Visitor: 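Here you go, one structure.
Each chain gets a letter, A, B and so on, in the order its sequence line appears, and its residues count up from 1.
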Protein chains: 2
Amino acid sequence: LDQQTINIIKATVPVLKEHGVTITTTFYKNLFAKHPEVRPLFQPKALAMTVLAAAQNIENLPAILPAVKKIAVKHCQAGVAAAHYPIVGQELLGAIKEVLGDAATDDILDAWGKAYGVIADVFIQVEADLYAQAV
Amino acid sequence: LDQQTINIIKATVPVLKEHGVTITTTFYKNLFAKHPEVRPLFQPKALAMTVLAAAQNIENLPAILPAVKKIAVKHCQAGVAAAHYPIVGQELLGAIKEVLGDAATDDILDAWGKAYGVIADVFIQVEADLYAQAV
Ligand code: HEM
Ligand code: HEM
């Protein structure tokens with residue numbers, strides 16, 4: 001990621017974290033509402049916080065691997081697919097936007113957009129490996 | 001890292017791979033010669049190809065995890081320390097420049113410098129995590 005992105009990411013986590021409940025809450029209603037096909041895969045409260053937590057170590061993502069790895073098994077067990085990553089991201093960024101309000105500036109959203117992507121790639125790679133190794 | 005240094009890593013990995021052999025032998029002679037304290041921990045031929053391999057995936061380091069994971073266990077069994085990381089990189093980058101010659105322009109070196117660092121931390125994290133998990 002570009003420093004500014006990384007910079008905005010480090011700067012906004014707190015504001016983000018301060019608004020978790022809502023973000024999370026709005027996040028789930030919207031996820032289930034607009035994407036009925038995933039409803040079967042499923043509540044999990046720590047989605048937003050997990051992302052925020054990863055975002056914070058965005059300069060040392062390896063640090064989060066132990067947790068990233070506990071979660072992967074669950075994901076693989078539930079049929080999570082790399083293709084689901086984008087709709088979770090879309091709903092997340094929407095909640096983020098919805099809750100920032102005015103601070104939800106363009107470049108802020110964009111950077112969060114970049115961040116989730118990178119973040120998603122760790123789970124998305126680990127699970128691939130998990131599915132690959134499931135034989 | 002910055003998609004620039006990244007652009008230089010990708011561009012030069014092929015060059016580095018062509019001279020792999022020489023970098024390898026120069027790397028070792030020098031490693032053990034210049035830093036006698038690590039000789040007890042030990043000439044794995046793939047130290048250089050492994051880094052080059054990683055640099056390839058510098059945009060998706062999680063791709064390398066399964067390999068990184070099998071190596072970490074060996075490393076931890078041998079008592080490799082985060083503190084050792086820097087000598088290795090010093091010795092590898094030295095081979096790199098001593099082998100490229102005048103192509104070994106400073107920015108190339110500097111890019112490789114950042115690259116190894118990034119690569120090192122994945123090993124460092126995993127290992128730190130192995131050490132901690134043991135118990
Ligand atoms: C980076 C993006 C994601 C993060 C950070 C993440 C995070 C989480 C977390 C923290 C848990 C609960 C683990 C536990 O403590 O048991 C979880 C469970 C789950 N996640 Fe994700 N997830 C991500 C992407 C997705 C995607 C794209 C899907 C696709 C629908 C998904 C589906 C699920 C499901 C179905 C569960 C399991 C419910 C259960 O059995 O506990 N996740 N996820
Ligand atoms: C990213 C940096 C490093 C890479 C890519 C790396 C790579 C390797 C490879 C590929 C192996 C052999 C694994 C196998 O196939 O069994 C290995 C083993 C080893 N490495 Fe590293 N290494 C790195 C950093 C270091 C450092 C900093 C030290 C400090 C001395 C170190 C010490 C050793 C030792 C002692 C062995 C084990 C020899 C054996 O038991 O076979 N490595 N390393």
Visitor: Can you pull out the residues in residues 6-43 of chain B with any heavy atom less than 4.5 Å from chain A?
Guide: none
Visitor: Report, in residue-number order, which members of residues 59-75 of chain A are under 4.5 Å from chain B by heavy-atom distance.
Guide: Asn60(A), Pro62(A), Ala63(A), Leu65(A), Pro66(A), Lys69(A)
Visitor: At a 4.5 Å cut-off on heavy atoms, which part of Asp129(B) comes close to chain A: side chain, backbone, both, or neither?
Guide: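 Contact with chain A: side chain only.
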Visitor: Any link between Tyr131(B) and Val126(B) through a network of hydrophobic side chains (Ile, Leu, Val, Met, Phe, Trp, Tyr) touching at under 4.5 Å?
Guide: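 No, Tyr131(B) and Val126(B) fall in different hydrophobic clusters.
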Visitor: Near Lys114(B) NZ, under 6.0 Å, is it more than 12 heavy atoms from other residues, nucleotides or ligands?
Guide: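 Yes, because the 6.0 Å sphere around NZ of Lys114(B) holds more than 12 heavy atoms from other groups.
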